[PDB]
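Have a look below at one chain only, the form deposited in one PDB entry, in structure tokens format.
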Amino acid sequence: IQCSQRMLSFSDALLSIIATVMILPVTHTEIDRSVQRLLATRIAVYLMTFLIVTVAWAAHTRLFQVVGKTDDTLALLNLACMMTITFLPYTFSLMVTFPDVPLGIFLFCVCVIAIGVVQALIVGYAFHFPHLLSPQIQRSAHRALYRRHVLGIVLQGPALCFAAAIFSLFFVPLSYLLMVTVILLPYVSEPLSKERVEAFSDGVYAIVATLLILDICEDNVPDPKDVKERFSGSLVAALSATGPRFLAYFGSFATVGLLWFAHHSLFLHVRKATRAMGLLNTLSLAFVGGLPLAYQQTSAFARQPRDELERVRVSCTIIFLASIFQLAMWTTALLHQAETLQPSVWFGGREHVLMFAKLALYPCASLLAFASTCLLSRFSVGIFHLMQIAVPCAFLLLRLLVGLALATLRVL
């Protein structure tokens, strides 16, 4: 019997890595209609894999809410569960690459079944040793009903996927129907641990922020032969062609760091996060993962000014979605502010307006940038760059801006 915080932290790290694995094929896509189709397919695959892995992570988190403590065998079983979960993105990609081949569907169903079987073994071991359960379960009137219930919840997905694996040899669309039902039913027919959500979001933000520096380190280190031959021995000339990559990395890191700053400030005032906030956070992270692609597109070559307008608009849309989902989380938590928010950030509270401005800095900025792309298109990219300069400073002097707005309201 031992504490289980570090094991779940490791689980969150692994699950964030597995959720964000599928953004690498997107950011590595080369910048004609075939390229656009490939990019759309890769974006769709990334979104679906992120949603699936986040569903698996949510199931894991609400599984280990029941299993209070951990043990050596529980740690090994959790490691096995993590290994089985790590195959979700690759196997789903193989599935969607060959939709009419039953082998891909069979492999996806087998992966989901393996995850469910390991989780069922974990639950069975936990209930066989009651000291590992949470005190509420350890004391529950009918503890074994909770088992009959947790086994059903855990094994519902494996059963539907097993039936889908059956139907893949006879009727593939039916396999698709039950496979989508696996993810649909738990939400279409409860609080989520705030520590797990915080750790998953921190992992996702850390991974997304440092994608471009990883890529630059892997590829964009100048080669001495090319330095002495293409750039005539001038290392600064060699690094000049790499400059757009550095600018894209700086922009992506600044944006993702500021979004994480807003998220961190939001969650420092959350007492307990409902699953609606969990869904909104999942959507926010899914759209945050697309920021490096937007920055790569904007920093890329501009064949025509219309291409620059389109890329600036796309980047603004991605930023707007990624931040508006955080704003939606904040409003949803405000709806139940009695039990979800600290007294400081309640309606009319001390920090209410400050937090509102902190979470609305980015959506409004993206909205005005997108509006300028249609009204002041001649300066579009310029104002976009101005935004990249304005937003961090607005974060630096947010309290001063809020005080100025309060004074303006006071004199009005």
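Residues that one form lacks are left out of the comparison. One-based numbering along the sequence shown. Throughout, rigid core stands for the largest set of C-alpha atoms superposing within 1.5 Å between the two forms.
- Notably, residue 142 is an intermittent gap: at least a third of the other compared entries of this protein, restricted to those modelling both its neighbours, have no coordinates for it.
- Residue-level annotation: residue 164 lacks coordinates in a third or more of the other entries compared, counting only those that model residues on either side of it.
- Coordinates are lacking for 4 to 9 deposited residues between residue 31 and residue 32.
- In the deposited entry, the stretch joining residue 189 to residue 190 is interrupted by 10 or more residues of the deposited sequence lacking coordinates.
From this point on, the text means the form deposited in another entry, which you will not see here.
- Core-based superposition between the shown form and the other one shows that, of 133, 266, 113, 293, only 133 has its Cα displaced by 2 Å or more.
- Core-superposed comparison between the shown form and the other one: the Cα of residue 344 travels less than 2 Å.
- Superposition of the core reveals a Cα shift of less than 2 Å for residue 49 between the shown form and the other one.
- Core-superposed comparison between the shown form and the other one: the C-alpha position of residue 388 differs by no less than 2 Å.
- Whereas the shown form places them at one spacing, the Cα atoms of residue 134 and residue 129 lie at least 3 Å closer in the other entry.
- In summary, the C-alpha positions of residue 122 and residue 139 converge in the other entry, ending up at least 3 angstroms nearer each other than in this conformation.
- Superposition on the rigid core leaves 131-144, 173-176, 227-230, 307-309, 333-335, 373-407 as the runs of at least three consecutive shared residues whose Cα positions differ by 2 Å or more between the shown form and the other one.
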